[PDB]
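> Need coordinates for the following:
(7 chains, ligands or ions: 3)
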Amino acid sequence: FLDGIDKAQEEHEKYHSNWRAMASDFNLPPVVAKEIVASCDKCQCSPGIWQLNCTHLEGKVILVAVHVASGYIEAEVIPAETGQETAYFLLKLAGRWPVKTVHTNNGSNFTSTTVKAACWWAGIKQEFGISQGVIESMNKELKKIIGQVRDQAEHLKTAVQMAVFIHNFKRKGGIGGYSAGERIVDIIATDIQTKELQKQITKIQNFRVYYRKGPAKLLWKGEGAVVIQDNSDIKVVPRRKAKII
Amino acid sequence: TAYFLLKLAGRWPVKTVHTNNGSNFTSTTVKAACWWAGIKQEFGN
Amino acid sequence: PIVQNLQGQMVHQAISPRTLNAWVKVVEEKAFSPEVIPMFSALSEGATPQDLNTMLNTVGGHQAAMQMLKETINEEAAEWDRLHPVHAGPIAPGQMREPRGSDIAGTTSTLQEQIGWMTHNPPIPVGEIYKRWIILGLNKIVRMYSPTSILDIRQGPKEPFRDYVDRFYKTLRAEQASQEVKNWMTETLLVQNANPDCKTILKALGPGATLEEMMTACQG
Amino acid sequence: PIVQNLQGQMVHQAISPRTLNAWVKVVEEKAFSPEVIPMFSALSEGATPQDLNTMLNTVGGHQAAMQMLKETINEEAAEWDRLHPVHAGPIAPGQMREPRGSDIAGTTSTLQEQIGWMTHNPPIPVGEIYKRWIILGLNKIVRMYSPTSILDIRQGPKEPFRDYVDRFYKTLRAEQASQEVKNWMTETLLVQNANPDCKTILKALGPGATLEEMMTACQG
Amino acid sequence: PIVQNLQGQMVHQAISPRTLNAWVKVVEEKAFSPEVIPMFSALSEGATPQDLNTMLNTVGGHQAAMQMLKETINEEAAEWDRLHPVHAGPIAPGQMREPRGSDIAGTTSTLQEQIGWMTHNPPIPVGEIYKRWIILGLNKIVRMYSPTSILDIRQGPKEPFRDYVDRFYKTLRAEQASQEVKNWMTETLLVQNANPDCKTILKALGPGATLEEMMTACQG
Amino acid sequence: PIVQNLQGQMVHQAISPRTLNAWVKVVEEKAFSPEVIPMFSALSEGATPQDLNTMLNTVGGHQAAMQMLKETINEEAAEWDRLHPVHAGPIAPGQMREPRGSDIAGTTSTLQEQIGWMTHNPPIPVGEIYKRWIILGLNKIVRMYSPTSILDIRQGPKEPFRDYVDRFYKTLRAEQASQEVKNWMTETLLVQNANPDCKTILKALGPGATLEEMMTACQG
Amino acid sequence: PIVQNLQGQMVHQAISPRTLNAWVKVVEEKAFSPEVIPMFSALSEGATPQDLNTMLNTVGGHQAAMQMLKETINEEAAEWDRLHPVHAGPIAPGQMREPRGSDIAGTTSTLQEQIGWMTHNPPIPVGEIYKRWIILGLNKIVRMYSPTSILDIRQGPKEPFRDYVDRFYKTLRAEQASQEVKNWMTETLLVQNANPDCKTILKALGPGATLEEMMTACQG
Ligand SMILES: O=P(O)(O)O[C@H]1[C@H](OP(=O)(O)O)[C@@H](OP(=O)(O)O)[C@H](OP(=O)(O)O)[C@@H](OP(=O)(O)O)[C@H]1OP(=O)(O)O
Ligand SMILES: O=P(O)(O)O[C@H]1[C@H](OP(=O)(O)O)[C@@H](OP(=O)(O)O)[C@H](OP(=O)(O)O)[C@@H](OP(=O)(O)O)[C@H]1OP(=O)(O)O
Ligand SMILES: [Zn+2]
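Numbering: from 1, shown residues only, chains lettered A, B, ... in the order given. Ligands and ions are numbered 1, 2, ... in the order given. Sure, the structure comes next:
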């Protein structure tokens, strides 16, 4: 806040970011951030769930992939519509992020030989036909930020990359006011630590609980409740009628 | 090179970078690209 | 290649390795873009049909177009054989009869016959006829490799029209229409298929407006 | 092109692949900056109009510039036809009549006509006239391709005057005007729109001094 | 360029594209370091002033130094004209008048006049003089690109003396001054700007000693 | 540089740009190592001192070595002037006195003086003397740029003899001394500084054994 | 090197930088495989001993091989001195001193007397003798760089016979042997060391069959 108004103005003249981003990053009250936004003439699921789609912009085809559970985006303008570039983008996004499922349509390029080879090589599950409202809203938001930044852009690729860079970091999301990158980092880190801790205790703790049936294994005991799993089915019972051995 | 640097910035947050003195690394385009993203450019660990 | 000696006589020479290396690398780098069509005539000046065949055989891959051009060469050789009456009888010393289809194709005529025909008076531009046949084959190959037509191209609502007109002319050069039709389309299509503001400015300018004034009027 | 032998005559030669490759790569890489204007004259000395036409045709992309060059060549050919009307009467043996506009453009004239005209006594500078027409076309195309004018160059507050005057001279050289007008620009506009501190320093220095004092004055 | 026939007379030839490409590449790629002074003098062993101008104006970017050298060339031409005015009166047949300032600058004189001057008896190395003029400007150009002075060089606490003395000699060579003052400063400023340990070691060796003993003591 | 002419008197020749490009490339890519000594003599055969200075100034960076070699050149020139009788006074046409200490360095002598000296009868190999002075400077600066010694190379228990003898010979060539001491060290140190197994093998082989049987016995 | 002038006589020339650069880079980067032996004989044709030793010592790396070949050159010089009687006596015009072992190595002789030997009648092929000595040394050093014997090549159970026979032939060529023993080995060893299935297949095929039958039968 100490002389941060000047920095906020000099960075909003270049980014045109939302008021909450300036408030959180630069430690400014929301009122002055909203005033800065107004004063600008240009402003008024599992982690593997990824959706890829094709859009048309100024006579150019663009393939854009979105992380459904975190809002992360990645777009690239394909020069000539062919499945080879679709497969190249798929393998690049696989090499940059772990993906377990693909949500695309039944297009010819989506079912290309190279795309199928790449998806089989990566072991990614394929699901044709599809939540889409979030994809459409992100598409319109990227279109409007592209329109905003096109005045200072020379080519389409640079403008698209600038829009992606602004959207993924300089835009606070929903719950908690966290950007797409923060959300995806948080969710993948939490998944990693939870799976580590879950795999850590399986070797040590092994108890057998009888209820009402069979030798089920203890999963969680406390708060007057026993949750267990038997025959790949999870059952929750009260503390009564449950013997722990 | 500036396009690749912009892609890297769009994927991960970068604050500073150390690089050698190659001809393409000292060009005006990469200088403008790092001026945009506010990358602390250092030549020369 | 056949290069005239300095204050001497035209003597046949071997093809330089670097020229054919450049030809094959530019063929493999580009997917038979129209710009390679003039470049061919920039590399095969005064070359015997045997040299043309040797240069043609250097291509790696893209054999469908090579088969198509070979078929068109064969049919053109048949047409040349059928249109020109075949002289029969003794061969005059120092000269030779009209080349056959396989002779103009260069697959049977020896180098000595090619040299004799080149030095024959009146001149025999058999190599030039073969080069023109190859040019026609390359034109139809470019038509084969055209990814889209010209009448279906559209201009983006917010696209700067510089790239629009650039790609419009790039696609236009690939067209195999008559010159008058080309003039008509380059006068009507681009002015009738623009953005509303630029099209309004152009129709205000009226007909007979050169493309320089066309683009300077729509500058933004 | 056509090269002169050691104390000999002017003999034709095929186009060197290195020259055309360098030309096309420098055109692609350097876009349409003015510094390519001299390079063209470095790669076209003693060359036939056919060679210039081939070199213009080899470059791919930017087809609007090529179309504008073609139309300017056509109108210059019309001007040549208009200033030198169609001659009549038999031509003496060993001589060829004055080339038409199409012959100068090279669209209807074979290389043999160029060879005859170049070696004719007195020499016919058809190639030089075509080169000058291409130079005028390139001048107008680089005037067209200039991103902005010269009267709107604004110096940033934190921007040092080094790159400011560099781009000011870039736009000045990109502008086509008279030598006296350019001198007036370099005398007034360089200081009339500078940063206020440098403006005051230059006013303290006094008009009528070399720009070396200007660059050594406002350092920092 | 200007060459001599084998046991014959002097002739003029076109400029090799390779040399111009290498010159422009080496100028643009690295920097405006002092090694441009030898490199340029290694690519102009005999050429007309028009050739020098063509080699000069092809540079892309950094037009500020180009304007500096153009202004220095103009003032040198003016001073040459005022100190040695071209004598008036009749001109003897078979010769031509003395080149003017515009002639040595190459702005107005044609290539034929330059060739005639080079082959004249006695020969006029006017273009060569022009080259030396450019050299003078180039010196000032290096003064443009010196980032520091001859005194603000200091050795870091973790910086070995190798790159320290390398930078010191680089800045000394970038300095345009007398040789005697350079010798005076290289015998004194080296020890003053050195880390205390090796500084005191080399002082114990003896002041004014050559760098051989200094570097043998400063090892590690 | 200096080119021998076909049954004719020698004439001055410029330096090919590729020669300088290769020289600067090999200087930059590899640090100061003995292998640059032959390469130098492979690019400066019969070259004039001016050409030697021009190619020496082309280097970039490492100016400390350049200053050291300039100092050694100056001291060698002073010694040469002291040992040979100084010359002065007028000389008959077609002849001139021997080059001074500054003339052999090329800092005051012009190209014409060097040409006259090399074409003199009998010729004066001043260029060869300057080249051998440069060779001595290169030897001493390669000795300067050798970090490791000859008496410190050790063979590891698992280290093969191949790279051991390789580095031994690297250091042997990097060290400048008499031939006899080089033979003594290359006969004694290699066996005296090896693993015990190969040491006993070589002792069994006996003194004075050839290197081939030595290394085919130590191998394994 | 010494080259044949067009319709002229033998003329000495320096080594082009391209040839030596290509030689050193291919030697350092590709291998010490025997296929480099023809390459050398394709580069040193019509050379001089000075050029031979300059090319020999320029290449860096693997200096143990350089010392080995120097030792073999010294021993071959001793052999030449001892087998060929040394004729000591007066030297008359039309004759020069007898070639020596050190003269063949180009150590005690300079370039001009080597040229005189080349032009001397009767011709003295000292360069050819040095080249064949280098060939013998290179054969010894390529024998040194064969890590495996010829009797230890065994086909792996899962190893395809293609690369197996390829490396078998490579090691056979690298092996120093006569023609008849090579024929015996290529007739016996390959079938005596194959996989059992192809072993029985080729035994069923029987003798008197070329490698085509063996390779068509061992597939699968
Ligand atoms: O055009 P490329 O296929 O890449 O080959 C070039 C070309 O060599 P050629 O003229 O023999 O084909 C260069 O010559 P120019 O482009 O200047 O006409 C040459 O340059 P130098 O001869 O001056 O070395 C260069 O070599 P380099 O890459 O070392 O600069 C070499 O490339 P390659 O060496 O890779 O074949
Ligand atoms: O040796 P050649 O087969 O006759 O080819 C040469 C050679 O070029 P390459 O080494 O690239 O093949 C010359 O280079 P130098 O050997 O003289 O260094 C080159 O001269 P430039 O590279 O300086 O242009 C010359 O070209 P030109 O005849 O134009 O002087 C060119 O001859 P070609 O043009 O016939 O290939
Ligand atoms: Zn805004």
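
> can we go C-alpha only for contacts and neighbour counts from here?
OK.

> so which residue of chain A comes closest to ligand 1?
At 26.8 Å from ligand 1, residue A:79 is the closest residue in chain A, using Cα to the nearest ligand atom.

> Could you give the number of residues near that residue?
By other Cα atoms under 10 Å in any protein chain shown, the residues close to residue A:79 number 10.

> the strands in chain C, which residues?
Taking DSSP state E as the test, the strands found in chain C are C:3-4, C:10-11.

> Could you save those as TSV and add columns showing mean neighbour count and distance to chain A?
Shown next, in TSV, are these (neighbours: other Cα atoms under 10 Å in any protein chain shown; distance: least, Cα to the nearest Cα, whole Å):
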stretch	mean neighbour count	distance to chain A
strand C:3-4	16	43
strand C:10-11	14	48
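
> before we move on, back to that, ok, the residue of chain A closest to ligand 1 touching residue A:59?
No. Contact criterion Cα atoms under 8 Å: residue A:79 and residue A:59 do not qualify, at 10.3 Å.

> any idea where the strands of chain B begin and end?
Taking DSSP E, the strands of chain B run over residues B:16-19, B:40-43.

> Any chance of a markdown table for the ones you listed, columns mean neighbour count and distance to residue F:150?
Formatted as a markdown table, the strands of chain B follow (neighbours: other Cα atoms under 10 Å in any protein chain shown; distance: least, Cα to Cα, whole Å):
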| stretch | mean neighbour count | distance to residue F:150 |
| --- | --- | --- |
| strand B:16-19 | 11 | 36 |
| strand B:40-43 | 12 | 37 |
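
> out of those, which comes closest to chain F?
Evaluated over the strands of chain B, closeness to chain F peaks at strand B:40-43, with 17.3 Å, by Cα to the nearest Cα.

> And residue C:197, how far from residue A:59?
Per Cα to Cα, to the nearest Å, residue C:197 is found 18 Å from residue A:59.

> The residue in chain C positioned nearest to chain E: neighbour count?
Proximity of chain C to chain E (Cα to the nearest Cα) peaks at residue C:18, 16.1 Å away. The tally of other residues near residue C:18 (other Cα under 10 Å) stands at 11.

> With the one 4 residues further on instead?
The burial count assigned to residue C:22 is 15, neighbours taken as other Cα under 10 Å.

> and what of residue C:28?
Neighbours of residue C:28 under the rule other Cα under 10 Å: 14.

> ok, it touching residue C:58?
No. Contact criterion Cα under 8 Å: residue C:28 and residue C:58 do not qualify, at 10.2 Å.

> What strands line up against the host helix or strand of residue A:65, and which way round?
Using DSSP states H and E, residue A:65 falls within strand A:60-67. Sheet partners assigned to strand A:60-67 using DSSP bridges are listed as strand A:49-57 (antiparallel), strand A:73-78 (antiparallel).

> Can you point out the buried residues in the longest one?
Taking 16 or more other Cα atoms under 10 Å in any protein chain shown as the neighbour-count basis, strand A:49-57 is seen to contain the buried residues A:49-52, A:54.

> Stretch A:9-27 close to ligand 3?
Yes. Stretch A:9-27 reaches ligand 3 (Cα under 5 Å from the ion) through residue A:16.

> Tell me the buried residues in that stretch?
Buried residues in stretch A:9-27, counted by 16+ other Cα under 10 Å: A:9, A:12, A:15-23, A:26-27.

> picking that back up, who's in contact with the strand holding residue A:65?
Strand A:60-67 is contacted by residues A:47-56, A:72-81, A:86, A:135 when judged by Cα atoms under 8 Å, 6 or more residues apart in numbering or on different chains.

> Can I get that strand in CSV, CA atoms only?
Provided in CSV are the C-alpha atoms of strand A:60-67 (Å, rounded to 0.1, in the frame of the first residue of the first chain):
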residue,chain,number,x,y,z
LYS,A,60,-7.5,-19.5,-38.0
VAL,A,61,-8.1,-22.8,-36.1
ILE,A,62,-7.1,-22.9,-32.5
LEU,A,63,-6.9,-26.0,-30.3
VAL,A,64,-7.5,-25.2,-26.6
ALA,A,65,-7.3,-27.6,-23.7
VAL,A,66,-8.7,-26.9,-20.2
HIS,A,67,-8.3,-28.6,-16.9
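
> how distant is it from the center of its chain?
Relative to its parent chain, strand A:60-67 has a centroid offset of 14 Å by Cα atoms, centre = their mean, to the nearest Å.

> closest point of chain A to chain B, which residue?
For chain A, Cα to the nearest Cα, closest residue to chain B: residue A:165, 4.2 Å.

> Name the helix or strand for that residue, please.
helix A:156-169.

> buried stuff in the very next helix or strand once past that helix?
Heading C-terminal from helix A:156-169, the first helix or strand you meet, by DSSP H and E, is helix A:180-201. Buried residues in helix A:180-201, defined by neighbour count with 16+ other Cα under 10 Å: A:180-184.
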